[PDB]
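To keep things simple, chains are lettered A, B, C, D, E and F as they appear, and every chain counts its residues starting from 1.
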């Protein structure tokens, strides 16, 4: 019964806490990297004109 | 003022030298060597040089056997109240095999900012004919209430439905509709155009139909000509005008394309930094003006990319408009029509639309109980199907039945069913009739003995 | 003509003086070799040109000449069963002239065969009123496809001469005088690739196209003149879908475009198509197919203009009155050309490198497809159905290409990778996918079969969505409590997924199932769920049915492989179900 | 653009009664302190600042409509006279100064609104009054700096904003605070800065 | 026609400017004679009127502008083509290192080559025995295919490359088989490893090597693959041989492409790499296959490394868009001791169906393949159930599958880099592992095949 | 900046002794082999390089402090004479050659410190000695190249680094390794390159 409790509680933790935090973090960093690349590239454009 | 002094051509952009007397945002006309004429506007003027962007691009242009003519005026619109029942394009040109209009006056489509102290606060009620909107998220004359949707979702039907059901309890003829289509497919446009023809809703409306294949600058000029016509009908002719605009996502992409063509540095997620301000120059054109009969009401319809509400286009639109109406796939899957989620959606100025004289006495009271019960009723419905079954203290079980009935009987009305605010309020009580009297604390005992069966 | 002088060569960038009467977006010829190029920008006298072929061995002093027009295709007899490329260069005529299996630089030759004799039979009386789009006569380029010679656009009025005989596409088959002048009419009309061919009016597509693919025709149908997209990862099966739709579509012509594909995959279309016998005619599919082939290492402008040359040729035969279906695979590598070309133009990059006008160029393509009434007093109808297959990097449809595509297409067939393995083909996700034609198609077929087909399709989907809702109930909580009815819905959905949704494109009878077969198959599955839920209440337990319906569910599962001429066997399955659950109802 | 001179600056330790329970109790702001209200759309940034503008125990209120809705400026000029200061028992408009540059009004002019607002607050501060200034919204101001930057072909910093963004803001929030005003009597006034931030 | 100029205007880093020129073309080879007489070679990267931008290969250190001269060769990069190239080692620019006499060339060809007409390219129709069970059986290499190997830094992709080169063959003896081996940005030690292992096994006499080091000029690095393919297209499409091209490392090639890119002051670029990286890889990958009516073929096995081992990197990602399948090397497998560490699940060969079947391989090749792949998939799955529930909870059938997956890794794919298996040895080994399964679990296969093969 | 000529470049066979378990056991480095130590700040790269420099069974060590802390250089000259190892019971200082270029020392001298150290290592390899060259850190060398590339307004490659960063690194390591030195004696010297990388 304690093992069932532990398993069930771990399952609830996996679904509500672990994975959603993981999906949202993989989305934040992914977008952050996509933003800074746009920034640096944009900067490199102006430099090339010089 | 015609010049054959075209110095340079790079992409859609063009440079004209040895010119003087030209201004910023001045509309031009480029007559090509083959006789073809192409319009354009001044992006920048410096010295004798003038930087212009051509609407229809610069393909096939011979710089040396082509001339540029400056019109000495910005992108204007010839307005008249003969525009009612007429189909135009993004630039005000007829699209319905109709006689070209004699303008009473021409108006700069940029318009002017309504003086904040001259502005009158949005008041009185517009009956859209949709229970989820008219009751819980009430639309008000002069309000900015957008519909947030997604691809594959029925925002198309929701658009046409409102446009043909929209009316006021004012009088027979002082209400009009300005339908602006932006960068949408032809099929979507022909659906709109003929649904207006079928229902006869065209007889009280003006249509500006711009397609996805039309040049980007014609796509961004479309809503400005729509609002220009709307402002004319409302402020000069004293009409209550409802403006329907879609798709705002197409607008942003068009604005995105134009920005990069002008070598402008992009902001968040590759969109222009002035995306907010640009959108704000459209939406803030709505409202009531003191001393003037009539008003301008806007319903901007857009698609949320990846259903992401944090996307720039929805997020910035939310930062401008007074609330939103949100469509969800979870409800559309359930067969709900229209699939309106009343929880993340909201109307900020519903305070001015409801109340005796506008709608009946219990409008403000019922929406609170319906919303509160639905919030508790859905989670009851949700927790029941996930955990257990029919074991919800016998109080959440009736909330579960309430939530499901609320979704399938109250919200789901159909795209071709007009629900007057009377029928909506009556239906609301019949849904509240399920529950015991203890649940409706939000409503006073007086109204209950007056409406509750 | 005017020549110019190169003054700068840096990679594909070539600038040249005395390009004074050249125009923007003009195709021109750079260097002694005469490699093709295009005039991107024009600064006063000097023109900057992007060469589309290798620029090695080219420098200042060399001549440059404009062709006098933008990128254009030749529209006339000798175009069918021909394998062009992106810039409409015939690959077979290539091998004859260059005597090589390779492609050299500066070697250019006309698209069609100007030296070839074609018999022309006039259908117009002399002195009759003509306009743009009218038909003066025809050439039987092949059966079935009758090549109709139409009056070129911008030409009107007088018709002084016409006669029938063996002409070529160069010789004047007709002469028409006008205010502009008295010009010779040929069997060929040139047309700009980027710009679409004008029509009288565009209509809304309401007639669904038969693909023989059950998941498409039933749940996510595509009308003739519609627009569909196939996004997915590697091994998803888009190419199979493209081939399947190209094989079995009830369209007069097929335009297959290979934007930028692997050579080893390109040869398959090249060789298999002539070996594919046609519907009831009995010839090769190739004789009703125009092929535009481009490998990955080909010029980037060939890989970019690929879909536009295809849609241009499609418009040409559409204007004749034919229903055309253009196949695009793959568009992700078409857009890869755009990303590359824009980088060389030093433009401001859009999302993830792609041009800011990405969605605009996509829109300009898919909009040129649709049910129309072509020019001419006949007011004849033609149509173009665009089926594109997109290839996101990892199957992520958040790709700029996919996102901009779904803004203009009306049909979406998303291919899950989870369905790719476990061999669920076609791997089209039946939940995420959608059709903006589903409503109208369902009522069209409600008349062609006079059955509640739209009700069956709706119920079929309802079973599937319910399954997903039931699926998470299974996860979060466990398989219990089944409630009999809910666990049955899973079994009916499982039946729909396995016995209907899945079909082998390589199986010799499951590669195609007609509307006749599609209906009976769905009716059998649905009536199984109907009769089981109805007997469940009064009164049977769940695996009692599952024990007595062992062999009958096997027949339903094998209904896919039942021959078309034996269609009655499927109907026999349907009424076997009714007797077997009463067989154990009394007594159970 | 030049802050009004003071004799000395003092650390704010006197709380500002707003009437908002969550604020006054758990997250209070002192008279002379500075508060930032960042949140998504429909969060209540404008409402909060209005609540501060209405019921606060300050002498004057300078409300700055920086690149926001016009209705929200019309809402103030109408309601405020009809409302009574919970202390003085007189109309709210008798103690408030409004500055409005809406989102569709000139972009460059919404930078001036910020500096116009803070200068008026400093002016009444020197009279020995306790003033409070509301910025709605500072994000819009930052956009004006960014757009003006692009026109100047400046080198982009963070998210397109100019490198001196942090400078301009820091200089703005330093113009507020409890001070000993100029004068022989050495009177004390203060400015409490409430700023709404609208992150994407 | 000498075209030598003492005119030298500017030297900015790697680049050098020269005025008063004429007849100078793009990508034209040059030589610079310095004040001390030291001669260095270069290439035109940009030529404008009366001017020319060139990059010196061996650097610009010591070069005095006033006392130096630049001669224009009037020709791009070329290869002295011949059939006598076999048995010899060439460098980046096709120059000998094996201390042997330089070849009298049949003719000279550009290294860019020409694009194969897609209407002239034929089916890839038969097998190439690499000697690798994981490859030859499950991810078959067909003749004329482009099947790359995806690896990473630390993984044994050099032992694999060397193993393929020796063991690769056509099982019809009436077909001259050759191996063009291109080394790109390769360190001397592993460059020597190849050269010595090519001699100790006598693979040189069948192969043509192109060795380019990491410290050698970046233009040579770029030219090396095109030097190898020009040879490959001659030996095959002119001399009728079955050519197998092996290229490594492709990541090193891409880095040099970036180096020349910023030299022309071009702008990045997806994750640093130039926007034309896709075509630039296609221009040398797509140069393979079988041509109609022409004896011989060109088959490529390009090997690259994944930066931090992610398939979303530009080099593996774009390569997958040009090639038909890939062979994936895994660090998990390598750390466990499996050699070669070929992960069969994510690796793929799109053109395997055509190189197999009776007459090419045995009749049971496709059946054993699908069964091994499936059994291993469910075998690996049963293992991760045994770690969560213990072996006690597993059914008796799944325990066998669990034991199957283990031995499938330790025997079937764990050949060893010095263990050559024929296609027959591989197939029969597949049956020994399929015999592990219950008979009731073997009903999937045709009973015709079950009877004839154990 | 020009490598000292050899006669033949060989393959390193003999494993070097660092005295560190994880290195000597699982990730060993041969004499003439090349090793990198990438890691963030505080990882322990410098400590590892000192550890190898103290217990290496090579004849000579060469520690290059490229753009790093001055105390770490001061640390070496202090304790090395006090430590007794490995042969003849003599000081570590009598088998080491230090090249100090601190972070606040001029940028251009960073590249020199690397090229000077490897040349000295090449010099002692020619007399048949096993020498170890320590680079701490090769990132500062690259940072120096990046900083200088910007001042010359060149087009960078990735993260500001010049596009020739790849080739120049390749030059440094290919100057190392076990070789047979020029001459009649045909002695064997070896340059074991223990480099450090400091990834952002």
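We take it that contacts are C-beta pairs under 8 Å (C-beta built on N, C-alpha and C of every residue); 3 or more make two chains touch, one makes a residue touch a chain.
By chain, UniProt protein names: B, E = V-type sodium ATPase subunit B; C = V-type sodium ATPase catalytic subunit A.
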Chain hops separating chain E from chain D, counting only touching neighbours: 2
Which of the chain pairs holds the record for C-beta pairs in contact? C-E
What is the distance, in whole Å, between the centres of chain A and chain D, each centre taken as the mean of its C-alpha atoms? 35
Distance between chain centroids, defined by C-alpha means - chain B, chain E (Å): 56
Using mean CA coordinates as chain centres, what's the chain A-chain F distance in Å? 38
Residue list for chain A, restricted to those that touch at least two other chains: 35, 38, 41-42, 44-45, 48
Can you list the residues of chain D that touch 2 or more other chains? 156, 159-160
For chain E, residues contacting two or more additional chains: 265, 267-269, 271
Which pairs of chains touch each other? A-B, A-C, A-D, A-E, A-F, B-C, B-D, C-E, E-F
Interface residues, chain B side, partner chain D - complex: 113-114, 116-117, 119-122, 264-268, 273-274, 276-277, 280-281, 284-285, 287, 310, 312, 315-316, 318-320, 322-323, 346, 348-349
Listed in rising order, the residues of chain A that touch chain F in the complex are 44, 47-48, 50
Chain D contacts chain A in the complex at 153, 155-156, 159-160
Footprint of chain A on chain E - complex, ascending: 265, 267-269, 271
Spell out the residues on chain A that touch chain E in their complex, using ranges where they run on. 37, 41, 44-45, 48
